[PDB]
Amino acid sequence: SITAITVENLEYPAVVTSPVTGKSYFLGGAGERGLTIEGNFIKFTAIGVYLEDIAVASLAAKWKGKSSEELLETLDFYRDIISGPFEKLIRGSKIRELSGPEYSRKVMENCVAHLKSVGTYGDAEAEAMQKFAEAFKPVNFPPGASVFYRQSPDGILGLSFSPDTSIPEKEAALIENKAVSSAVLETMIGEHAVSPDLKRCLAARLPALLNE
């Protein structure tokens, strides 16, 4: 009984299948990001986090039979989602037009702070983050355009860009670095991600699947 979610007229299908991997994923949650200007929340993007179908069996061991309220306050639960042995697919769709460098600047900031935070920001991670930046330089995201982060459990982060919300056929780049590969999702649902919309969605939707 997995449903879809619409955010500012941007829809996130309940389930999806990738042309690049051939696996299928279910919508784990959705929400929105932006900037708070003069006390006002200014929306710029919508975010959807998908989990590989096999994430259920994996998470079932430790989190089956827990209330949504209980999962939401448990950090270890989100750590399993972030680093669990399955792919996570994040799709960010624009509400307001941002150039590749405009959008990527803040993402990279949050990722670098996290990486330095946990002591995993050496030359390799720096180089990987530069490659990350390099991939965004040639693109522009008008309203509706999307960015796809494919977090492979094998320590690789795949980057895709779409004129709209349909999954691209090929990936634009592969960031091969373990620490960086999970940094992006970390800044969305990790312990130091202020916005709880995504975290709450995960707590509210997962319990159902874990029980069957």
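So that there is no doubt, residue numbering starts at 1 and follows the sequence shown.
Novice: When the Cα temperature factors in the entry are averaged, is it 67-75 or 81-89 that ends up higher?
Specialist: Mean C-alpha B-factor is greater for 67-75.
Novice: Take the C-alpha B-factors listed in the entry for 185-193 and for 16-24, compute each mean, and give the stretch with the larger one.
Specialist: Stretch with the higher mean C-alpha B-factor: 16-24.
Novice: Just say lowest, middle or highest third for the CA B-factor of residue 36 relative to the other modelled residues in its chain.
Specialist: Middle third of the chain for residue 36's C-alpha B-factor.
Novice: Please place residue 29 in the lowest, middle or highest third of its chain according to the CA B-factor in the PDB entry.
Specialist: It falls in the middle third of the chain.
Novice: Mind checking which third residue 171 falls in for C-alpha B-factor across the chain?
Specialist: According to the entry, residue 171 has a C-alpha B-factor in the chain's middle third.
Novice: Looking at the temperature factor on the CA atom of residue 61, which third of the chain's modelled residues does it land in?
Specialist: CA B-factor rank for residue 61: highest third.
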